[PDB]
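To begin, one chain is listed below as structure tokens, in the form deposited in one PDB entry.
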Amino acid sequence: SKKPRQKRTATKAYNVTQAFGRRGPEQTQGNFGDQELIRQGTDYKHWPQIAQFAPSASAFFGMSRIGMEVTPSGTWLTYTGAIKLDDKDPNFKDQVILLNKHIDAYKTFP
């Protein structure tokens, strides 16, 4: 819990909630993860199939729209972007299923 938030790695010992806060609907609140992923983090057995869509540091700053906001909570680096799935990949349908399984999953459990 010593690392900057953006460098943390969720595991079963330090889960998604502990590292990145509770999933929810608010503007800068994370919304990704079902109960299994939340409690397992990178120990999730299908984590490699999720992480294949996470950007490298170079791609994060190369692809995204980057901004900086000064609010009285502090100075924030904002980011937005989109990553295209390969609809020619034979595994494409399973990729959409896996991502949809975790997007807004928190709505269905406490």
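One rule holds for the numbers: they count along the sequence shown, beginning at 1. Each form is matched to the other, and the largest set of C-alpha atoms that superpose within 1.5 Å is called the rigid core.
Remark: when the other structures in 9 other deposited structures of this protein are fitted onto this one via the rigid core, 65-73 deviates more than the alternative among 78-86 and 65-73, judged by RMS CA distance. In terms of root mean square C-alpha deviation after superposing on the rigid core in 9 other deposited structures of this protein, the stretch standing farther out between 53-61 and 22-30 is 22-30. Mean CA B-factor, 71-79 versus 56-64: the higher value falls on 71-79. Mean C-alpha B-factor is higher over 20-28 than over the other stretch, the pair under comparison being 20-28 and 97-105.
Not pictured, yet referred to below: the form deposited with a small molecule bound.
Contact check for residue 95: no non-hydrogen atom falls within 4.5 Å of the small molecule in the deposited bound form. Though the partner is left out of this view, residue 40 does not reach within 4.5 Å of the small molecule in the deposited bound form, counting heavy atoms only. Contact check for residue 35: a non-hydrogen atom falls within 4.5 Å of the small molecule in the deposited bound form. Taking the partner from elsewhere, residue 17 is found to have a heavy atom lying within 4.5 Å of the small molecule in the deposited bound form.
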